[PDB]
Amino acid sequence: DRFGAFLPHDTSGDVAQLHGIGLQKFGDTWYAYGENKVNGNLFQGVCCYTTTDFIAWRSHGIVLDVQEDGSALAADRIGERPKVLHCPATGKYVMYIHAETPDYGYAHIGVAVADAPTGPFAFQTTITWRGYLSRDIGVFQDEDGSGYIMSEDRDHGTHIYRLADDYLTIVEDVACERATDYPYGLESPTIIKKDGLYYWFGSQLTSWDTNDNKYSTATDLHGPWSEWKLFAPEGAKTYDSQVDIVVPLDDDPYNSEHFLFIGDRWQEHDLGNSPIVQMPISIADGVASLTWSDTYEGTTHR
């Protein structure tokens with residue numbers, strides 16, 4: 001395995017744009033969808049990579065292009081935290097993105113659709129629930145085939161939204177949670193399930209600074225959600241990263257004994273070269289725990 005803090009590269013010799021990624025396993029292969037940030041913070045497309053080992057990353061190029069001027073994904077806009085789900089009812093691959101403007105007032109979800117996980121994805125809609133703000137997003141697909149998008153909403157908390165059966169829009173505000181003793185939900189959400197218990201991870205709102213990220217558990221996605229608790233050591237600032245995704249690695253994604261944590265080390269003035277922190281995360285009996293090891297590469301703080 002490859003664990004620690006590092007700047008990944010693909011098998012073509014380019015920096016792998018594994019920033020704000022979504023990850024999905026289709027067949028025997030992992031698909032990552034990341035923000036292309038080679039030239040800074042504006043939308044430059046969604047990059048796709050595949051792996052079977054989280055060591056070598058094969059590029060599949062830009063799978064959601066920059067769109068034309070006047071659209072919500074034009075070169076002057078912002079598109080972050082892309083996520084993909086495979087829709088059981090339709091067989092399509094649906095991509096979700098935080099569609100944003102430089103003034104940061106837009107706060108929408110963008111929806112694009114493809115016939116294959118490597119695209120090309122065709123940009124369709126921007127949506128909100130009830131007009132509410134949506135910024136950081138994540139996705140979760142349950143054992144019954146239901147799909148969900150998690151969505152940080154600065155005025156209310158972080159939502160779990162249930163998707164329509166065709167995965168193209170939202171039909172239910174399942175939950176909207178603020179962190180314990182906190183006026184907001186946590187951002188950069190990710191959810192996994194193990195032995196009937198859901199684990200929901202997120203980051204505090206501390207701008208560019210890293211913070212001690214936290215998790216909550218529940219036996220129903222509607223809740224009740226437990227107290228939010230740290231999963232890395234206090235003061236470690238999540239090993240100087242911002243949680244992006246946790247994935248189960250075993251054959252049964254809902255009863256796995258091994259999990260992978262990926263967090264972003266955002267570099268404000270060199271975004272395309274932001275490293276990742278890639279580590280095993282221990283998850284059992286309502287407890288999630290992230291621990292550094294001397295053998296890992298890079299440093300616990302950048």
# chains A, B, ... in the order shown; residues from 1 in each chain; ligands from 1
$ residues_around --residues "residue 139 (chain A)" --least-positions-apart "6" --cutoff "12 Å" --atoms "only C-alpha atoms" --output "PyMOL selection string"
chain A and resi 21-24+81-86+94-97+146-151+159-163+167+188-192+200+244-247
$ write_last_selection --atoms "C-alpha atoms" --output "compact mmCIF listing (two decimals), in the first residue's frame"
# COMPACT_ATOMS: atom_id res chain seq x y z
CA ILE A 21 -12.47 13.52 -5.31
CA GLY A 22 -15.39 11.21 -5.60
CA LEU A 23 -14.56 7.48 -5.67
CA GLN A 24 -16.73 4.63 -6.98
CA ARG A 81 -16.11 18.22 -5.39
CA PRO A 82 -17.40 16.14 -8.34
CA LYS A 83 -19.20 12.92 -7.42
CA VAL A 84 -20.57 10.04 -9.54
CA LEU A 85 -23.23 7.40 -8.87
CA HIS A 86 -24.42 4.53 -11.07
CA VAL A 94 -24.83 10.63 -13.07
CA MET A 95 -22.29 13.25 -11.99
CA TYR A 96 -22.98 15.91 -9.33
CA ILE A 97 -20.84 19.02 -8.84
CA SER A 146 -31.32 4.33 -2.84
CA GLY A 147 -29.01 7.21 -3.78
CA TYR A 148 -28.21 10.25 -1.65
CA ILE A 149 -26.37 13.50 -2.00
CA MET A 150 -24.97 15.19 1.11
CA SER A 151 -24.96 18.97 0.86
CA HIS A 159 -28.33 17.78 4.45
CA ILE A 160 -28.74 14.19 3.40
CA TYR A 161 -30.95 14.47 0.30
CA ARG A 162 -32.59 11.42 -1.27
CA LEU A 163 -32.46 11.28 -5.07
CA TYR A 167 -30.88 9.95 -9.86
CA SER A 188 -16.66 17.91 2.85
CA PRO A 189 -19.15 15.19 3.83
CA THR A 190 -18.63 11.46 3.29
CA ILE A 191 -20.71 8.48 4.55
CA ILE A 192 -20.06 4.74 4.80
CA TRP A 200 -20.76 10.33 8.55
CA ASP A 244 -12.57 14.17 1.41
CA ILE A 245 -13.76 10.56 1.30
CA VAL A 246 -13.77 7.27 3.23
CA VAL A 247 -14.31 4.08 1.19
$ residues_around --residues "residue 209 (chain A)" --least-positions-apart "5" --cutoff "9 Å" --atoms "only C-alpha atoms" --output "VMD selection string"
chain A and resid 237 240 to 242
$ residues_around --residues "residue 157 (chain A)" --least-positions-apart "3" --cutoff "6 Å" --atoms "only C-alpha atoms" --output "PyMOL selection string"
chain A and resi 153+176-178+184-185
$ select_by_dssp --residues "region 72-279 of chain A" --states "strand (DSSP E)" --output "short mmCIF file (atom, residue, chain, number, x, y, z; two decimals) with C-alpha atoms, in the first residue's frame"
data_model
loop_
_atom_site.label_atom_id
_atom_site.label_comp_id
_atom_site.auth_asym_id
_atom_site.auth_seq_id
_atom_site.Cartn_x
_atom_site.Cartn_y
_atom_site.Cartn_z
CA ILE A 78 -16.23 27.34 -10.22
CA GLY A 79 -17.02 23.60 -10.15
CA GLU A 80 -15.93 21.61 -7.11
CA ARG A 81 -16.11 18.22 -5.39
CA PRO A 82 -17.40 16.14 -8.34
CA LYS A 83 -19.20 12.92 -7.42
CA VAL A 84 -20.57 10.04 -9.54
CA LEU A 85 -23.23 7.40 -8.87
CA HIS A 86 -24.42 4.53 -11.07
CA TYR A 93 -23.75 7.33 -14.66
CA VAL A 94 -24.83 10.63 -13.07
CA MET A 95 -22.29 13.25 -11.99
CA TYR A 96 -22.98 15.91 -9.33
CA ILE A 97 -20.84 19.02 -8.84
CA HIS A 98 -20.83 22.08 -6.62
CA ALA A 99 -21.54 24.81 -9.19
CA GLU A 100 -20.33 28.13 -7.81
CA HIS A 108 -25.97 25.09 -6.58
CA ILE A 109 -25.64 21.41 -7.50
CA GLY A 110 -24.85 20.76 -11.18
CA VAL A 111 -26.05 17.49 -12.77
CA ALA A 112 -24.42 15.74 -15.80
CA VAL A 113 -25.08 12.29 -17.32
CA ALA A 114 -23.04 9.66 -19.18
CA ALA A 122 -23.28 15.90 -20.74
CA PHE A 123 -24.10 18.88 -18.49
CA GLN A 124 -27.87 19.17 -17.90
CA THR A 125 -29.22 21.16 -14.93
CA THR A 126 -28.34 23.21 -11.90
CA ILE A 127 -30.63 22.53 -8.93
CA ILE A 137 -21.25 17.75 -1.59
CA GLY A 138 -20.74 14.02 -1.23
CA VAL A 139 -22.70 10.93 -2.29
CA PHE A 140 -23.87 7.67 -0.73
CA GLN A 141 -25.58 4.63 -2.28
CA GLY A 147 -29.01 7.21 -3.78
CA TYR A 148 -28.21 10.25 -1.65
CA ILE A 149 -26.37 13.50 -2.00
CA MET A 150 -24.97 15.19 1.11
CA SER A 151 -24.96 18.97 0.86
CA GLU A 152 -23.55 21.65 3.18
CA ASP A 153 -26.02 24.54 3.57
CA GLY A 157 -26.78 22.47 8.41
CA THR A 158 -25.52 19.63 6.26
CA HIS A 159 -28.33 17.78 4.45
CA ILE A 160 -28.74 14.19 3.40
CA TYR A 161 -30.95 14.47 0.30
CA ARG A 162 -32.59 11.42 -1.27
CA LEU A 163 -32.46 11.28 -5.07
CA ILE A 170 -33.83 15.43 -5.15
CA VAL A 171 -37.12 14.20 -3.67
CA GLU A 172 -36.57 14.29 0.12
CA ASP A 173 -34.70 16.29 2.77
CA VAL A 174 -33.77 13.17 4.78
CA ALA A 175 -31.70 14.92 7.47
CA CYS A 176 -30.13 18.31 8.13
CA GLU A 177 -27.51 18.21 10.87
CA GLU A 187 -18.43 20.43 5.34
CA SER A 188 -16.66 17.91 2.85
CA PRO A 189 -19.15 15.19 3.83
CA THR A 190 -18.63 11.46 3.29
CA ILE A 191 -20.71 8.48 4.55
CA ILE A 192 -20.06 4.74 4.80
CA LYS A 193 -22.09 1.90 6.28
CA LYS A 194 -20.88 -1.08 8.31
CA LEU A 197 -24.54 1.56 11.25
CA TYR A 198 -23.91 4.68 9.12
CA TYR A 199 -20.73 6.69 9.73
CA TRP A 200 -20.76 10.33 8.55
CA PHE A 201 -17.48 12.30 8.47
CA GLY A 202 -16.91 16.02 7.88
CA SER A 203 -14.66 19.01 8.49
CA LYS A 214 -15.33 14.69 13.23
CA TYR A 215 -17.83 11.88 12.68
CA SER A 216 -21.36 10.91 13.75
CA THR A 217 -23.23 7.58 13.61
CA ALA A 218 -26.87 6.54 13.16
CA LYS A 229 -16.53 13.08 17.84
CA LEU A 230 -13.01 13.38 16.59
CA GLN A 242 -9.41 18.06 5.16
CA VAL A 243 -11.41 14.81 4.94
CA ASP A 244 -12.57 14.17 1.41
CA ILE A 245 -13.76 10.56 1.30
CA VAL A 246 -13.77 7.27 3.23
CA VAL A 247 -14.31 4.08 1.19
CA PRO A 248 -14.83 0.42 2.14
CA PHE A 259 -11.44 1.28 4.91
CA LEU A 260 -9.38 3.94 3.15
CA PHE A 261 -9.30 7.62 4.20
CA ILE A 262 -8.31 10.31 1.67
CA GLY A 263 -7.97 13.95 2.73
CA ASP A 264 -6.84 17.03 0.80
CA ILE A 276 -3.39 14.18 -0.45
CA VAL A 277 -3.24 12.27 2.82
CA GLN A 278 -4.03 8.60 2.11
CA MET A 279 -4.29 6.28 5.11
#
$ closest_residue --among "A:118, A:52, A:44, A:206" --to "residue 1 (chain A)" --atoms "only C-alpha atoms"
A:52
$ residues_around --residues "residue 283 (chain A)" --least-positions-apart "4" --cutoff "8 Å" --atoms "only C-alpha atoms" --output "list in words"
residues 257, 258, 259, 287, 288 and 289 of chain A
$ atom_distance --atom1 "CA of residue 207 (chain A)" --atom2 "CA of residue 6 (chain A)"
21.6 Å
$ closest_residue --among "A:225, A:121, A:254, A:106" --to "residue 92 (chain A)" --atoms "only C-alpha atoms"
A:121
$ residues_around --residues "residue 58 (chain A)" --least-positions-apart "6" --cutoff "9 Å" --atoms "only C-alpha atoms" --output "NGL selection string"
:A and (10-12 or 16 or 48-51)
$ write_last_selection --atoms "N, CA and C atoms" --output "compact mmCIF listing (two decimals), in the first residue's frame"
# COMPACT_ATOMS: atom_id res chain seq x y z
N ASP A 10 -0.04 10.25 -12.28
CA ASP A 10 -0.65 9.20 -13.07
C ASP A 10 0.41 8.46 -13.90
N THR A 11 -0.02 7.40 -14.58
CA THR A 11 0.92 6.56 -15.34
C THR A 11 1.41 7.24 -16.62
N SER A 12 0.89 8.41 -16.96
CA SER A 12 1.38 9.22 -18.07
C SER A 12 2.47 10.20 -17.64
N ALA A 16 -1.47 13.77 -10.81
CA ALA A 16 -2.87 13.32 -10.80
C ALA A 16 -3.71 14.34 -10.02
N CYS A 48 -10.77 12.15 -14.62
CA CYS A 48 -11.08 10.78 -14.21
C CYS A 48 -9.80 9.94 -14.19
N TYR A 49 -9.61 9.17 -13.11
CA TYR A 49 -8.52 8.20 -13.00
C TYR A 49 -9.06 6.87 -12.51
N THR A 50 -8.41 5.77 -12.91
CA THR A 50 -8.75 4.46 -12.39
C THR A 50 -7.56 3.82 -11.67
N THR A 51 -7.89 2.92 -10.74
CA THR A 51 -6.87 2.19 -10.00
C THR A 51 -7.46 0.87 -9.51
$ closest_residue --among "A:130, A:8, A:91, A:182" --to "residue 205 (chain A)" --atoms "only C-alpha atoms"
A:182
$ residues_around --residues "residue 62 (chain A)" --least-positions-apart "4" --cutoff "6 Å" --atoms "only C-alpha atoms" --output "list in words"
residues 45, 46 and 47 of chain A
$ write_last_selection --atoms "N, CA, C and O atoms" --output "mmCIF file, in the first residue's frame"
data_model
loop_
_atom_site.group_PDB
_atom_site.id
_atom_site.type_symbol
_atom_site.label_atom_id
_atom_site.label_comp_id
_atom_site.auth_asym_id
_atom_site.auth_seq_id
_atom_site.Cartn_x
_atom_site.Cartn_y
_atom_site.Cartn_z
ATOM 1 N N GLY A 45 -12.564 21.628 -15.662
ATOM 2 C CA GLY A 45 -12.970 20.273 -15.986
ATOM 3 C C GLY A 45 -12.839 19.322 -14.802
ATOM 4 O O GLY A 45 -12.241 19.634 -13.757
ATOM 5 N N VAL A 46 -13.436 18.143 -14.995
ATOM 6 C CA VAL A 46 -13.361 17.037 -14.053
ATOM 7 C C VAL A 46 -12.473 15.965 -14.678
ATOM 8 O O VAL A 46 -12.737 15.499 -15.797
ATOM 9 N N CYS A 47 -11.427 15.582 -13.941
ATOM 10 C CA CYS A 47 -10.483 14.546 -14.347
ATOM 11 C C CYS A 47 -10.909 13.191 -13.791
ATOM 12 O O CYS A 47 -11.270 13.083 -12.616
#
$ residues_around --residues "residue 208 (chain A)" --least-positions-apart "2" --cutoff "8 Å" --atoms "only C-alpha atoms" --output "ChimeraX atom specification"
/A:206,210,266,268
$ atom_distance --atom1 "CA of residue 281 (chain A)" --atom2 "CA of residue 15 (chain A)"
25.0 Å
$ closest_residue --among "A:145, A:181, A:28, A:275" --to "residue 9 (chain A)" --atoms "only C-alpha atoms"
A:275
